[PDB]
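The lines below spell out each chain.
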Amino acid sequence: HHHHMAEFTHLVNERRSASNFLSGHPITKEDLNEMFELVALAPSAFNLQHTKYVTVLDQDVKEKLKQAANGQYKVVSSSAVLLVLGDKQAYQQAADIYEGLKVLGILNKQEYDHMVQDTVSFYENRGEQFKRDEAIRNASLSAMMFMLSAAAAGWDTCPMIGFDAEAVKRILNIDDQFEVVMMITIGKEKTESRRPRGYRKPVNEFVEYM
Amino acid sequence: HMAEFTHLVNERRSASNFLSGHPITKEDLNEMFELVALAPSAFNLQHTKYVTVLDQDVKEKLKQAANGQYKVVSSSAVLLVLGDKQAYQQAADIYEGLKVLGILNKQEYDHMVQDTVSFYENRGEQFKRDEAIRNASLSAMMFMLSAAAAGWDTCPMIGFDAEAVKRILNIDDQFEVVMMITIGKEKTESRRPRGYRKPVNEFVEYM
Ligand SMILES: Cc1cc2nc3c(=O)[nH]c(=O)nc-3n(C[C@H](O)[C@H](O)[C@H](O)COP(=O)(O)O)c2cc1C
Ligand SMILES: Cc1cc2nc3c(=O)[nH]c(=O)nc-3n(C[C@H](O)[C@H](O)[C@H](O)COP(=O)(O)O)c2cc1C
Ligand code: NI
């Protein structure tokens, strides 16, 4: 129970949003799949698991994403570029996600139908804006987990919103039901060349106790 | 760090209940928030604010706004995670040290401020709100992992009436109420298995 805070504190202190990446650091599907096993364990509303990742390793495709990413060269120099997607229709998979509860005899048919109905109606009652909010919220929780996993694995990342979402969707053939919530580059940054961390507001300027 | 973080992640479970007799202090929370401060945020604008409720009557008010959920009152504290829809307005203040300490000249500083401000202004109100949710949600995940690392359990929650919460806590309409997070110590023997998880090859595609 005893040393988890100090380890985590070091991980968090060492994580810097990359401004550059270095060549000669290829990343493999195996490297990434280890990070994604941790991402799978992120919390998500109603366990709907809203988040999808399109992970681009192909250098020609990365070159082609540069214009879409507001000209940011780090898309090219990165080892991989991830598009973090949120399903605006995530709630439609409630019936499938919850089905094992029925098969394992944890819920009976009525209870399972009720649970699916609670989740679906929560979303449908609130409407389209809420569905999109949920896409952004749940994918962003997931993205933070991705970045800390990457850091733990010894990789650098830069989260990015400086891109044309529509262009990215056309280039990568992403369906309409997915919001492009963020882009994350991953790779190895030269540490000697890093600027110091940007100014942070003190805790007493962003937390109110009541 | 991978073995330790893997352990932390694997352990972390959204709490269904909280035990009595585990008060949390400002000192405890401030330790967590120091890590939260180091989360990334777009343009380093630091969009997120936390309203941290220890007062038991306010928790009762919040419970009424959250479908009567008992964990609101049995929690050691209830946090409201806010995102500032007007965060971009503080660019000039946040970047000011770069100029004053001579890292940037005035032209470069003005250019930096204008780049951030115009990015938000040119996109518009829906974007500002999207940014409030996105950056606050990144922050919330950091908060939950920080709490885990400190030995606390949390439950993220969206099952509440946001307008009722803003009335209870006197929250300006400039802030989006992004999430509620309860914190405390869970009865760990009282724990259902982790809800089914999609395999990685069902949520990741490579190109
Ligand atoms: C949602 C979001 C969007 C971002 N977009 C970009 C971007 O498009 N390009 C970029 O270079 N950095 C981007 N960043 C990185 C921020 O500038 C960075 O997190 C901030 O300056 C703090 O740096 P640090 O994370 O190293 O402390 C983004 C960060 C966030 C979380
Ligand atoms: C944004 C979002 C909203 C949530 N809202 C609630 C809620 O209002 N009430 C609740 O009991 N749990 C809530 N949760 C918890 C989820 O049901 C939980 O994360 C999921 O079932 C998986 O459990 P696990 O995180 O322990 O693996 C929420 C989770 C997410 C991230
Ligand atoms: Ni542990």
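Residues numbered from 1 in each chain as written, not as in the entry; some residues may be left out. Chains lettered and ligands numbered in written order. Heavy atoms only, no water. Residues with missing side-chain atoms left out of burial classes, pairs and counts.

**A short note on the sheet that holds strand β4 (residues 175–184) of chain B**
- Spatial strand order, β5(A)-β1(B)-β2(B)-β4(B)-β3(B): five strands in an open sheet with mixed pairing. Bordering the open sheet on either side are β5 (207–209) of chain A together with β3 (153–157) of chain B, each of which pairs with just one other strand. Going across the sheet, the axis of each strand differs from the next one's by a mean of 25°, ignoring polarity.
- Direction of pairing for β3 of chain B relative to β4 of chain B: antiparallel, over a ladder of five bridges. (Pairing = 2+ DSSP bridges. Helix = DSSP H or I, 4+ residues; strand = E, 2+ residues; numbered from the N terminus. Axes fitted to C-alpha atoms, helices over the stretch in contact; angles between N-to-C directions.)

**Points about the sheet that holds strand β5 (residues 204–206) of chain B**
- Ordered by their spatial adjacency, five strands build an open sheet running β3(A)-β4(A)-β2(A)-β1(A)-β5(B), and the pairing between neighbours is mixed. Strand pairing shows two members of the sheet lacking a second neighbour, β3 (156–160) of chain A together with β5 of chain B, which therefore form its edges. The mean inter-strand angle of the sheet, taken between neighbouring strand axes irrespective of direction, is 25°.
- Pairing geometry for β3 of chain A and strand β4 (residues 178–187) of chain A, over five bridges, is antiparallel. In the sheet register, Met160 of chain A faces β4 of chain A, and the bridge partner there is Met183 of chain A.
- Contacting β1 (51–56), β2 (80–87) and β4 of chain A, helix α8 (residues 165–172) of chain A runs over the sheet at an angle of about 80° to β4 of chain A. (Contact = heavy atoms within 4.5 Å.)

**Details of the coordination of the nickel ion (ligand 3)**
- Only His4 of chain A (NE2), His7 of chain B (NE2), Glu11 of chain B (OE) and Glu11 of chain B (OE) from the protein coordinate the nickel ion (ligand 3), and they sit 2.1 to 2.6 Å from it.
- Taken together, the four donor atoms surrounding the nickel ion (ligand 3) define angles of 54 to 175° at the centre, an arrangement classified as irregular. Remark: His7 of chain B occurs in helix α1 (residues 2–11) and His4 of chain A occurs in helix α1 (residues 4–14); the pair is interchain, linking two chains.
- Overall, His7 of chain B belongs to the partly exposed group, its relative accessible area being 34%. (Donors = N, O, S within 2.8 Å, 3.2 Å for Na, K, Ca; no water. Tetrahedral: all angles 85-135°; square planar, octahedral: opposite > 155°, others 65-115°. Buried < 20%, exposed > 50% of the residue type's maximum accessible area, 1.4 Å probe, protein only.)

**Considering the packing of helix α5 (residues 94–103) of chain A against helix α6 (residues 109–126) of chain A**
All names here are of chain A.
- Where α5 meets α6, the closest approach of the two axes is 10 Å, and the angle between their N-to-C directions is 155°. Relative to α6, the element α5 is oriented roughly antiparallel. Relative to α6, α5 is oriented so that their crossing is right-handed. Every residue of α6 that contacts α5 at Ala94, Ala95, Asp96, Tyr98, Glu99, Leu101 and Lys102 is listed here: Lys109, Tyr112, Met115, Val116, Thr119 and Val120.
- Of the residues assigned to the contact of α5 with α6, the class counts are eight nonpolar, one polar and four charged. (Parallel < 35°, antiparallel > 145°, perpendicular 65-115°, else oblique. Left-handed = near helix turned anticlockwise from the far one by under 90°. Nonpolar A, V, L, I, M, F, W, Y, C, P; charged D, E, K, R; others polar.)

**Details of the UniProt feature "binding site: FMN" in chain A**
Residues and elements named next belong to chain A.
- Within the UniProt annotation, "binding site: FMN" is assigned to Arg15, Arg16, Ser17, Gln72, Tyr73, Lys74, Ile161, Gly162, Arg197 and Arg200. In summary, the annotated positions, distributed over 186 residues, remain apart in three dimensions as well, the widest C-alpha pair reaching 26.3 Å.
- Discounting chain neighbours no more than four positions away, the residues touching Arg16 are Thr157, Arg194, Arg195, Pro196 and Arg197.
- By secondary structure assignment, the location of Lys74 is in helix α4 (residues 74–77).
- Setting aside residues no more than four positions away along its own chain, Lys74 makes contact with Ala18, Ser19, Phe21, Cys158, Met160 and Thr185.
- Looking at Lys74, its side chain comes within polar contact range of the main-chain oxygen of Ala18, at 2.9 Å. (UniProt positions renumbered as here; feature names shortened; annotations may be inferred. Polar contact = N/O pair within 3.5 Å; in protein donor to acceptor, adjacent residues only side chain to side chain.)

**Here we look at the environment of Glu202 of chain B**
- Following the sequence through the fold, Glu202 of chain B ends up in the loop between β4 and β5.
- For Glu202 of chain B, a relative accessible area of 43% translates into the label partly exposed.

**A closer look at the nonpolar core**
- Counting 74 residues, the largest nonpolar core has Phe8 and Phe146 of chain A together with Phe5 and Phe143 of chain B as the members making the most contacts within it.
- Setting aside anything within four residues of it in sequence, one finds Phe146 of chain A in contact with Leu32, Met35, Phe36, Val39, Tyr53, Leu82, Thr157, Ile184 and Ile186 of chain A.
- Ranked by size, the runner-up nonpolar core spans 37 residues in total, among them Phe21, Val56, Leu65 and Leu83 of chain A. (Core = buried A, V, L, I, M, F, W, Y, C linked by side-chain atoms within 4.5 Å.)

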